[PDB]
Undergrad: 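My questions all concern the structure below.
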Amino acid sequence: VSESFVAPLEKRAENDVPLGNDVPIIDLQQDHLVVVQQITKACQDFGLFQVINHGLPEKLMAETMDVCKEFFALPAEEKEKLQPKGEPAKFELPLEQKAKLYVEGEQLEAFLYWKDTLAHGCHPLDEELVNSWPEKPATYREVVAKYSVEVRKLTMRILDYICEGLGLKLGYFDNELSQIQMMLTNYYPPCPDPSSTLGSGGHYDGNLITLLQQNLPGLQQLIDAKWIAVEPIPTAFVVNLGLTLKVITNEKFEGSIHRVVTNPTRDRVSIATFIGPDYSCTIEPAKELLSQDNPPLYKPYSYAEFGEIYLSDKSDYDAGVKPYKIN
Ligand SMILES: CN1[C@H]2C[C@H](OC(=O)[C@H](CO)c3ccccc3)C[C@@H]1[C@@H](O)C2
Ligand SMILES: O=C(O)CCC(=O)C(=O)O
Ligand SMILES: [Fe+2]
Ligand SMILES: [Sr+2]
Ligand SMILES: [Sr+2]
């Protein structure tokens, strides 16, 4: 592979990462209190769980994966239309809601992730936003509009389960804290040397909560510097708690630290729905949960200020929130 994609020695993935047998798989059609309790335990102990029987149509999940795969099969002349000034955009502020193709890496030793990402905003859905989405394939806009609404519906159900678990009023996150919905469609082409590369460097999702749809292996979670493989369940969503939710819960909940490894033989598409605050938001531990026994571990901070650090500084997983740590 090009030296551009060679990860630093310490960040390279070992070849035999074990299946995470203890990754919670939570059936959302269990009794209400059982669902709240199982989600609460997963949030406290892991920060990553899968949801099944989640009420989002399986047919729509399949149709969305199909149209996302069809997009990444488009020829160069079509993909160029989403490359500003002839090259992929960077994950940096301002992060615009119009559709673009993105490149990503780390400036520490600088290297690139073995990944192409299509990203666009999804909320609120209006003609201007959808008109800024891919023109091809022809059905992308119709399918992904329906998917966007359904994934948001499921995310808001999960956030209300989280509210009940924490003792926050229902709808606590149904406001500026969930206003941005970025859909990141990740394409991992086959890689000649998986031992040297990463599809996605180890990270927290910096936002509130992410729902991830996958049908192939490659996703790994950090649990004593131990990585585990997250079983692909094509009809499930992987729920990743973001660094923003870790802060708001005053670390009562864990954030998901995860990475993606490359494959030498097959390509892989994943669909990540990033829900989180507007860039104008102030983030702090929920005052409702604080006491002398539970003092705040973070001072209030600008989500925009956090965002700039989160997207630039990859010296540590929580580099984005280190400046705001107290007590
Ligand atoms: C591997 N990279 C991580 C960092 C960055 O994430 C973002 O760009 C999100 C997109 O919502 C973001 C979160 C919080 C603040 C700003 C941006 C781009 C991608 C994502 O898949 C996660
Ligand atoms: O491709 C995956 O399974 C992970 C995607 C992801 O972590 C992300 O987009 O943030
Ligand atoms: Fe992620
Ligand atoms: Sr180009
Ligand atoms: Sr347009």
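One-based numbering, in listed order, for ligands and for the atoms of each. Only heavy atoms go into these numbers, but all of them, side chains included; no hydrogens, no water, no symmetry mates. Sequence positions, counted from 1, serve as the residue numbers for this chain.
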Undergrad: Which protein non-hydrogen atom lies closest to atom 7 (C) of ligand 1, naming both residue and atom, and how far is it?
TA: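 Atom 7 (C) of ligand 1 sits closest to the protein heavy atom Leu311 CD2, 4.0 Å.
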Undergrad: Going by the rule side chain to side chain contact (heavy atoms under 4.5 Å, CB included), which residues pair with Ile223 if we only count those two or more places apart in sequence or in a different chain?
TA: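 Scan of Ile223 (side chain to side chain contact (heavy atoms under 4.5 Å, CB included), adjacent residues dropped) gives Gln221, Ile228.
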Undergrad: How about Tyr204 and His258: are their ring centroids closer than 6.0 Å?
TA: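 No.
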Undergrad: Starting from atom 4 (C) of ligand 1, find the nearest protein heavy-atom neighbour and note its residue, name and distance.
TA: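 Answer for atom 4 (C) of ligand 1: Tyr310 OH, 3.3 Å.
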Undergrad: Taking the ring centre of each residue, are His120 and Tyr140 less than 6.0 Å apart?
TA: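 Judged by ring-centre distance (under 6.0 Å), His120 and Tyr140 do meet the cut-off.
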Undergrad: Taking it one step at a time, do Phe173 and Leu208 satisfy side-chain contact (heavy atoms from CB on, under 4.5 Å)?
TA: CA-CA 9 Å; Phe173 300 100; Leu208 190 73; 3.7 Å; yes
Undergrad: Please work out whether any backbone atom (N, CA, C, O) or any side-chain heavy atom from C-beta onward of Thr244 is under 4.0 Å from ligand 1, and answer side chain, backbone, both or neither.
TA: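 For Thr244, no heavy atom sits under 4.0 Å from ligand 1.
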Undergrad: Indicate yes or no: does an N/O atom of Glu104 lie under 3.5 Å from an N/O atom of ligand 1?
TA: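 Yes: some nitrogen or oxygen of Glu104 is under 3.5 Å from one in ligand 1.
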Undergrad: Under 4.0 Å from any heavy atom of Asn207, which atoms of ligand 1 are there?
TA: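 Checking each atom against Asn207, I get 13 (C), 14 (C).
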Undergrad: Give me the residue, atom name and distance of the protein heavy atom closest to atom 15 (C) of ligand 1.
TA: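 Going atom by atom, the protein heavy atom closest to atom 15 (C) of ligand 1 ends up being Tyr303 OH, 3.5 Å.
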Undergrad: Anything protein N, O or S sitting under 2.8 Å from the Fe ion (ligand 3): count it and give me the total.
TA: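 Of the protein's nitrogen, oxygen and sulfur atoms, 3 lie under 2.8 Å from the Fe ion (ligand 3).
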Undergrad: Can a donor-acceptor pair be found, under 3.5 Å and without considering hydrogens, that links the side chain of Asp224 to the backbone of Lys226?
TA: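 Side chain of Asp224 to backbone of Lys226, a donor-acceptor pair under 3.5 Å: no, none is there.
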Undergrad: Quick check on contacts: which atoms of ligand 1 are under 4.0 angstrom from a heavy atom of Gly206?
TA: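 Heavy-atom distances to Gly206 below 4.0 Å select 14 (C).
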Undergrad: So, does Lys146 use its side chain to make a donor-acceptor pair with the main chain of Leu60 at under 3.5 Å?
TA: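 Pair absent, no side-chain N/O of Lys146 close to backbone of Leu60.
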Undergrad: Is a side-chain donor-acceptor pair under 3.5 Å present for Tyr324 with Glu284?
TA: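 Result is no, nothing qualifies.
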Undergrad: Which of the atoms in ligand 1, numbered in the order shown and given with their element, are less than 4.0 Å from a heavy-atom of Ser200?
TA: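 By the 4.0 Å cutoff, the relevant atoms are 1 (C).
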Undergrad: For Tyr172, does its backbone N or O pair with a side-chain atom of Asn175 as donor and acceptor, under 3.5 Å?
TA: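 Checking the backbone N and O of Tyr172 against the side chain of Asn175, a donor-acceptor pair under 3.5 Å is found.
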Undergrad: Provide, to 0.1 Å, the distance between atom 8 (O) of ligand 1 and the closest protein heavy atom, together with that atom's residue and name.
TA: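 Heavy-atom neighbour on the protein nearest atom 8 (O) of ligand 1: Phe91 CD2, 3.3 Å.
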Undergrad: Determine, step by step, whether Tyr303 and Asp278 satisfy the side chain to side chain donor-acceptor pair (under 3.5 Å) criterion, reporting the C-alpha distance in whole Å, the side-chain angles of both residues, the deciding distance to 0.1 Å, and the verdict.
TA: CA-CA 8 Å; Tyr303 190 63; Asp278 190 62; over 6 Å; no
Undergrad: Return the orientation label for the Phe237 and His54 ring planes: parallel under 30°, perpendicular over 60°, tilted otherwise.
TA: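 The rings of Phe237 and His54 stand perpendicular, inter-plane angle above 60°.
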Undergrad: Relative to ligand 1, is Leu184 under 4.0 angstrom through side chain, backbone, both or neither, heavy atoms considered?
TA: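 The answer is the side chain.
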Undergrad: May I ask you to check whether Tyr317 and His203 place their ring centers less than 6.0 Å from one another?
TA: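 No, ring centres 6.0 Å or more apart.
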